[PDB]
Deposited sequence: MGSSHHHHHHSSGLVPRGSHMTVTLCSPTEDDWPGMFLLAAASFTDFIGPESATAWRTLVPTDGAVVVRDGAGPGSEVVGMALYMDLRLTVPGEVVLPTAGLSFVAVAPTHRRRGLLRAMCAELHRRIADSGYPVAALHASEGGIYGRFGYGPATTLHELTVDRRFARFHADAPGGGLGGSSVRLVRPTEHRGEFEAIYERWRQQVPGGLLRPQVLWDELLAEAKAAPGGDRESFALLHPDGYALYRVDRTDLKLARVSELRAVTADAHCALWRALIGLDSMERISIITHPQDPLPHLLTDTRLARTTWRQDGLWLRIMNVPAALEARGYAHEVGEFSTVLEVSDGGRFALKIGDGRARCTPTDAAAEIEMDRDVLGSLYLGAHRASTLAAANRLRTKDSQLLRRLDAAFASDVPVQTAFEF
């Protein structure tokens, strides 16, 4: 049972493992496109002794964090162990090797999307974005008098085919991802995949349509089985006008009873309507998970809230060092120290705090971060908060 970087001959075996492990696996063509995002020495495999019984890799990503700062990020993916080789330490072996490689390569953070919620906490990953399914009964939906773009004259939104306006979607998304925490650069190969998914599948999903604004787009399709439900697969808006204008068009889908979307907790859609309750929250889950590889690099790169005044403290990460943390003027300075720790937390807790999705007081209330100073908690809460709400870019 050896561990090594895969050769070209291993990849058919990896796709076999992938097809058996992931129900969303499409095929070798799709997989080969995703594989272009994996750097040299970015993948590991476990062979028996021969066949592939384990695999894991990371992709080179660009993550937006608070203060519109873009970090290079190791995006873990394609993780799998054969059902024939469970409970044998293969994952712990593969993740440890990948983390060593990720750390030596100079990534300040690593990230993933979790198949199950109870697995990745022990490897230092904490949930850092929150997914939020809204389901609107659009038959009762009426916009508030204050809602933008609710005057007489021509509309700003166009109904279009996705494939014919790729360039406009890319431009809008690129603007969006740069200014929002949790935003990810989407490479050309993933735009290829996205647009391939938009076409009607024989005995699969229906044809997708697009609603296009200069500062926003929405992509949607009617649900396969429920013909009165429209699923918004993606909605990106750079301005509030664009966001409201797109939802006026979506609520204009008079054929449908319901419109469903996966969004974030701060989505302003409920407040656009006269009845806020019509935007029902039907589902709730962790989105992006974050492992801080380098604590001082991560903490110093991020922007902080200007509202809180200058303060100093001592943070210990359980097996990630102890640091003198000084935050002021929306910036942080994070230097080594052996002075007594004022705050203590595991590595994964810092990941959950990092983008501002989880408050430090909430994690403190669960005893996931220890501190005897409640004033320090209030300051951390405010400092680590993000003025632009945290969002989830795309799954990987």
(message) If I number the deposited sequence starting at 1, which residue ranges have no C-alpha coordinates at all?
(response) 1-22, 72-75
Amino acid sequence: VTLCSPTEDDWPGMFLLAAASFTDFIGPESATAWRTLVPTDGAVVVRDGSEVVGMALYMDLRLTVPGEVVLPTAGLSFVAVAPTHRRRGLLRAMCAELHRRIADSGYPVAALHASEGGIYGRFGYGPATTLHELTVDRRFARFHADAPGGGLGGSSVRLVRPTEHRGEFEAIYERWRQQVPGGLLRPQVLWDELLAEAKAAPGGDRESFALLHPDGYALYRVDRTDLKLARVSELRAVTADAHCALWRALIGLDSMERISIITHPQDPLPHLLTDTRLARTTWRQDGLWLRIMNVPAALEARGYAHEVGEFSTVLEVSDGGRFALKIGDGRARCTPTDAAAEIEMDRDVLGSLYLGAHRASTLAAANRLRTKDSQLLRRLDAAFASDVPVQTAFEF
From here on, numbers count along this sequence of modelled residues.
(message) Quick check on the record: does 139-147 or 74-82 carry the larger mean Cα temperature factor?
(response) 139-147
(request) Give the stretch, out of 61-69 and 367-375, with the larger mean C-alpha temperature factor in the deposited entry. (result) 367-375
(message) So if I compare the CA B-factors in the entry for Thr130, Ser105, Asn294, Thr282, which one is the largest?
(response) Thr282
(message) Among the choices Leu355, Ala339, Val53, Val349, identify the one whose CA B-factor in the record is greatest.
(response) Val53
(request) Within this chain's modelled residues, let me know which third the CA B factor of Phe209 belongs to: lowest, middle or highest. (result) middle
(message) Is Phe311 in the lowest, middle or highest third of its chain when residues are ranked by C-alpha B-factor?
(response) highest
(request) Consider only the C-alpha atoms of the modelled residues in this chain, order them by B-factor as the entry records it, and name the third containing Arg231: lowest, middle or highest. (result) middle
(message) Looking at the temperature factor on the CA atom of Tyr220, which third of the chain's modelled residues does it land in?
(response) middle
(message) Please say which third, lowest, middle or highest, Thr239 falls into when its CA temperature factor is compared across its chain.
(response) middle
